[PDB]
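Okay, so here's just one chain, in structure tokens, the form deposited without the named molecule.
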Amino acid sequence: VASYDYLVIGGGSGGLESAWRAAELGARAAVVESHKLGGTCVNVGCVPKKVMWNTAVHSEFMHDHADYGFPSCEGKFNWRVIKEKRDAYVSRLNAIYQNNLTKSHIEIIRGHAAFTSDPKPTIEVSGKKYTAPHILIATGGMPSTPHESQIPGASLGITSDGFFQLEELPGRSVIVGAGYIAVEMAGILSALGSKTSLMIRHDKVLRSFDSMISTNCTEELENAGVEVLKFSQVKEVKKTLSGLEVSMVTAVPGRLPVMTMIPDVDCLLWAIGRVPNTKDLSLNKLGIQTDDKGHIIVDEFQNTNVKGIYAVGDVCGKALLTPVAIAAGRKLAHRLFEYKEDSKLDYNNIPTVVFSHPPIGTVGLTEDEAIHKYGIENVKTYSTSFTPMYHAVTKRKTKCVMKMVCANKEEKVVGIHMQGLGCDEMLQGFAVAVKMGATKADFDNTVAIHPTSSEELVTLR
């Protein structure tokens, strides 16, 4: 047993940041990583996702060329080119992340960690044992897929991970899911040329977002040429001569169900969920708690039920975003190594952006979450809808919707939701303001920047 001051399991967003902050404070740390550092985000997430998005944004502006006075292009995108490059960038970052750990004196135990029987919290990487007064489990999660039992042929399709392995553009794409990943994959594949279909169990996507967003987002998808199959779901999948044959059942309320075969499908992508990566950790040896789905149960301070063990990031289940994982590891490191008993992450007013077309920006309470916590009498919402002046000279259009949810008489801005061009870089600023507890008066007392879309939030009447 080599002893350390900190032993982080998983070198993803959460593990790395916590280790970095701990080392900065004096601790002798080591990180246990079974694969590539940078985790899900760098290797199969944020990074490669956003590169492919910047590419989709390009095809969509090839369509506005002639309107702007330029001669139009003949087409034919090449997936290989942009893939080789996307992959290279991910290599450049790995190298970078290795270097940082090294120059920071953070040891890297490479391999798969699992807990042991030793009473004192101890893990064992490759027959060898390591222990520490503080162990952070930050192993994340993975895309869930349906068992061949209920969906015979389910394994025939791919996941987001497999999307980043695609080497040529799928001719016919069918995506099953209604969350941000699902939406993003559908938006990228469709803009780049694939005949795409998004299969959802209901009528709208991102149903957990403010109604104005799920409504607008389902619409803009339809308007962009993505076939949305509502109240539909996969019954089975089969490999035919030319691609897969997907049989789905559509049960639109008020009507009788209908079976449908989607043939010649090159790509069936499961974007149905993320499952925690916790079995093989041998949590059962310490009685470490988990919920019915395997997520590790922690408290406000990221504490498991076992002393000297913590969990952060996706593995916990709450707020599946890289900067939440980071913020939690950073705050933990400070509580442990800088002794600030009160360093926890406030999970309220976390900003999120969904890179669809147009981009979605959202922070805070939805109108309903607001109505519920305050009451209809005390919730006033303000909102606008317009066509960005960028579309003033284009046949093509996309709208821009902005809702502002205010609570009580002072009108504390408790939620801002929007969808439109520029909404991705537009949010961080207001997120700070919302986090400071701004009121509608503060926004209104801020001089506008003309001409911009952002200026519509400081002139909402």
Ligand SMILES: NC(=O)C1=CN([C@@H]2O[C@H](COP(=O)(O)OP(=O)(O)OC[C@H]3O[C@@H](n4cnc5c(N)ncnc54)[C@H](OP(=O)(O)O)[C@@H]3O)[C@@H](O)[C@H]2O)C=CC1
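One rule holds for the numbers: they count along the sequence shown, beginning at 1.
In this crystal structure, the stretch out of 172-180 and 81-89 whose C-alpha atoms carry the higher mean B factor is 81-89. The stretch 439-447 shows the higher mean C-alpha B-factor when 439-447 is compared against 10-18 in the entry. Residues shown: 306, 186, 315, 217. Highest C-alpha temperature factor in the entry: 306. Comparing C-alpha B-factors across 96, 269, 138, 262 in the deposited entry, the largest value falls on 96.
Per the deposited record, the Cα B-factor of residue 64 falls in the middle third when ranked against the other modelled residues of its chain. Residue 299 sits in the lowest third of its chain by CA B factor, as recorded in the PDB entry. Among the modelled residues of its chain, residue 280 has a C-alpha B-factor that falls in the highest third, as given in the PDB entry. Among the modelled residues of the chain, residue 339 sits in the highest third by CA temperature factor in this PDB entry. Among the modelled residues of the chain, residue 331 sits in the lowest third by CA temperature factor in this PDB entry.
The next section is about a form of this same protein that is not shown, the form solved in complex with the named molecule.
With a 4.5 Å cutoff on heavy atoms, residue 229 does not count as touching the named molecule in the bound PDB entry; it lies far away.
With a 4.5 Å cutoff on heavy atoms, residue 344 does not count as touching the named molecule in the bound PDB entry; it lies far away. Mapping the unseen interface onto this chain, residue 202 counts among the residues with a heavy atom inside 4.5 Å of the named molecule in the bound PDB entry. Within 4.5 Å of any heavy atom of the named molecule in the bound PDB entry lies no heavy atom of residue 131. Candidate site formed by 23, 102 and 135: none of these residues places a non-hydrogen atom within 4.5 angstroms of the named molecule in the bound PDB entry. Contact with the named molecule in the bound PDB entry, defined as any heavy atom within 4.5 Å, is confined among 74-82, 221-229, 283-291, 320-328 to 320-328. Think of it this way: in the bound PDB entry, the named molecule has a heavy atom of just one of 370, 248, 333, 271 within 4.5 Å, and the residue is 271.
The partner is absent here, but in the bound PDB entry a heavy atom of 362, alone among 304, 362, 196, 216, sits within 4.5 Å of the named molecule. If you take 161-177 and check each residue for a heavy atom within 4.5 Å of the named molecule in the bound PDB entry, you get 176, 177, in sequence order.
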